[PDB]
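So the structure is just underneath, and the comments pick up after that.
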Amino acid sequence: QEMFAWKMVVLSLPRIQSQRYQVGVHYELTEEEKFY
Amino acid sequence: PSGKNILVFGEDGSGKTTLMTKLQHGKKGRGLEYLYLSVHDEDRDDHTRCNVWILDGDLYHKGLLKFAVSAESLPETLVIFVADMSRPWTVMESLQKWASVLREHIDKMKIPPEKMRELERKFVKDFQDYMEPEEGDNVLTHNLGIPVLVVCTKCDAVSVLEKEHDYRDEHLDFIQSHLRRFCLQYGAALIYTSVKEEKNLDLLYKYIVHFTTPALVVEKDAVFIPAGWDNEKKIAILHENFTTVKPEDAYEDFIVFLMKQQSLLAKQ
């Protein structure tokens, strides 16, 4: 009865590339930090 | 059976992809990585579609929680609070952080159904009544309640942790007793996991989502807190021997203008 993927398909790929909204500047656009 | 669900909460990796690989993979650095399970149902493979959602990060994950939690899916939701033992401050802060995220999810997505509130609260009050027997008084339980179970990663690194900055049973005993306190206050249990070791998660996650398991504290390195092995006395006995009884300060312990004016002044 594996046929209930509509719940995930309702909003599956609405944000496939939403990792670049850094307040338009931020001066450190990266979703992590480097070493020391 | 109906559809089962599991929400694993990774804290910046912490071996979440490796742990999900050990049970049955690209990476885990974006968020909402759906995973399917196939657990034995004591006789055959009855297609126990226990959905697993890998949530990592903090950049607007409420939408991912909305796409990962349905309305009538709420009872069979076994979230897995994952925190790696290599960074104890990350465990102490991330456990309360994921608990706060779960509280916000209940305060923003569980509130529209009215009958589910009065049914779920009594279901939790009756579920905690059966959580303590068949294991082998009253604790400061919080407001959150649903079948939960916390799983800690990097537990097979006792020598590494004592070689870096612990070098005493105070740190390991502090983490053990305090995570035990956090699990009893959150209405959960604690099952440690490791690299190709400590295979005890499937037993309790199968035992609660309706095949039993006992407690292990003798080894002190592979500690398993089952459902119903908590009180307010053994936790005090744990952090008493050489460890400060409930310290509130040990958390930070284990965690042409100038030149022109000058020329003009010289000219006068």
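Chain lettering (A, B, ...) mirrors the order of the structure tokens, residue numbering begins at 1 for each chain separately, and ligand numbering begins at 1 in order of display.
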Sorted per-residue table, chain A near chain B, closest atoms and distance, 8 Å, only C-alpha atoms, as CSV:
residue,atom,partner,partner_atom,distance
A:7,CA,B:67,CA,7.4
A:8,CA,B:67,CA,6.2
A:11,CA,B:67,CA,6.8
A:12,CA,B:67,CA,7.9
**Study point:** Near-residue B:13 list (12 Å; only C-alpha atoms; drop same-chain fewer than 5 positions) as a list in words
**Key:**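 Here the answer would be residues 8, 18, 19, 20, 27, 28, 29, 30, 31, 54, 55, 56, 57, 82, 83, 84, 153 and 154 of chain B.
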Prev. selection, N, CA and C atoms, output as a CSV table (one decimal), in the first residue's frame:
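Ended up saving to again.csv:
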chain,number,residue,atom,x,y,z
B,8,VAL,N,14.6,12.4,12.8
B,8,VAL,CA,15.9,12.5,13.3
B,8,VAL,C,16.4,13.9,13.2
B,18,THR,N,26.1,8.6,8.7
B,18,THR,CA,26.7,7.3,9.0
B,18,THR,C,25.8,6.4,9.8
B,19,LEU,N,25.1,7.0,10.8
B,19,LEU,CA,24.1,6.3,11.6
B,19,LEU,C,22.9,5.8,10.8
B,20,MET,N,22.5,6.6,9.9
B,20,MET,CA,21.4,6.2,9.0
B,20,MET,C,21.8,5.1,8.0
B,27,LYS,N,25.2,13.1,1.4
B,27,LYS,CA,25.6,14.0,2.6
B,27,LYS,C,24.4,14.5,3.3
B,28,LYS,N,24.7,15.3,4.4
B,28,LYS,CA,23.6,15.9,5.2
B,28,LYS,C,24.1,17.3,5.5
B,29,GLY,N,23.8,18.2,4.7
B,29,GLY,CA,24.2,19.6,4.9
B,29,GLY,C,23.2,20.6,4.5
B,30,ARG,N,22.0,20.2,4.0
B,30,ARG,CA,21.0,21.1,3.5
B,30,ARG,C,19.7,21.0,4.4
B,31,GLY,N,19.2,19.8,4.5
B,31,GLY,CA,18.0,19.7,5.4
B,31,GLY,C,16.8,18.9,4.7
B,54,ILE,N,15.5,13.6,8.1
B,54,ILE,CA,16.8,14.1,8.6
B,54,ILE,C,16.7,15.7,8.6
B,55,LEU,N,16.7,16.3,9.7
B,55,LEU,CA,16.6,17.7,9.8
B,55,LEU,C,17.9,18.3,10.4
B,56,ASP,N,18.6,19.1,9.6
B,56,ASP,CA,19.8,19.7,10.0
B,56,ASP,C,19.8,21.2,9.7
B,57,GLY,N,20.4,22.0,10.6
B,57,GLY,CA,20.5,23.4,10.4
B,57,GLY,C,19.4,24.2,11.1
B,82,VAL,N,19.4,13.8,18.3
B,82,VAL,CA,20.8,13.3,18.1
B,82,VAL,C,21.8,14.4,18.4
B,83,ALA,N,22.8,14.1,19.3
B,83,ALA,CA,23.8,15.0,19.7
B,83,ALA,C,25.1,14.2,19.9
B,84,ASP,N,26.2,14.6,19.3
B,84,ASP,CA,27.5,13.9,19.4
B,84,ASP,C,28.2,14.2,20.7
B,153,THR,N,25.4,10.2,19.9
B,153,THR,CA,26.4,9.7,19.0
B,153,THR,C,27.8,9.9,19.6
B,154,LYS,N,28.8,9.2,19.0
B,154,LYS,CA,30.2,9.3,19.4
B,154,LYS,C,30.4,8.8,20.9
Exercise for review: DSSP on the backbone, then: every residue of stretch 102-257 of chain B marked helix (DSSP H, G or I), written as a PyMOL selection string.
Suggested key: chain B and resi 102-110+115-131+158-164+169-185+201-208+234-238+250-254
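Here the question is which of B:201, B:238, B:7, B:107 gets nearest to residue B:217 using only C-alpha atoms, and that residue is B:238.
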